[PDB]
Every structure is written in C-alpha cells, then in structure tokens.
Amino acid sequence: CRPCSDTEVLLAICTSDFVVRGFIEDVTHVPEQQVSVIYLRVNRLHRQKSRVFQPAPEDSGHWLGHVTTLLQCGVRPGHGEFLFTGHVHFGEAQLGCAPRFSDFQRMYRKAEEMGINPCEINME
C-alpha cells in the first residue's frame, strides 16, 4: 500500500499494460477476494490491453472502465485526478501505481529535464 517510488512510476509508464489519466467514479469492495473494484472515468488514454476502457457515449472525450486494487488501498482511495498504471490478466485490470496527477506531472518534468525517463508520454 506504499505508493510506487518515482523510479517505479517512470518504468511503469513505459512497460505497464495500461496507462491512463482520470478520476474515480465509484468504488465497490469485494471482501471475499480482499480487493476493491475502482470504477474510473478516463480523460486521457495512453495505452491499454483487452479493451478494459471503452468510450462513454454521453461523455465525449472520456472512457469508462474498472480496475482492481488491494482492499487496504481501496478504503482510502482518495480524491481528485490520478495517473493510473497497471497490468491486465485474463481481461481484468489490476492497479500498479496511482500517483496524484499533479504530483506525477512534476516528477515527470524533472525526470525529463534530467534525461532519465526511459520513455516519453504526453497526458496533456
């Protein structure tokens, strides 16, 4: 439940199955599996797998999908905008990292200035 390190986030945006910017729509807990399901409204879709995220008809420019997280993380999900990264197995997305988006932007700009980011992304 510790946040990903900055190093982990920089690698994740290059190698993770999905990378999206967005916000939480709803949270449902699944105690039997000790996970929470986090429904996400995505406004920038950088990469994904297995069509986890699909267009929201009414809400132009946005996608909707859901990801799983350890229940310890889903009970204090937080507020605001995030960069979500993670992995897709058997059609189900599981969250890897979720820095606050404004924190991510600051970290990434510094990494880019240093030249240490292994890959480039532009989430606006």
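One rule holds for the numbers: they count along the sequence shown, beginning at 1.
Chemist: Which of the two stretches, 107-115 or 16-24, shows the higher mean Cα temperature factor in the record?
Modeler: Averaging CA B-factors over each stretch, the winner is 107-115.
Chemist: Check the entry's C-alpha temperature factors for 70-78 and 45-53, then say which stretch has the higher mean.
Modeler: It is 70-78.
Chemist: Which one of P99, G61, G96, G65 shows the top CA temperature factor in the record?
Modeler: Result of the comparison over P99, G61, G96, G65: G61.
Chemist: Would you mind checking where the Cα B-factor of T85 ranks among the modelled residues of its chain, as the lowest, middle or highest third?
Modeler: Lowest third.
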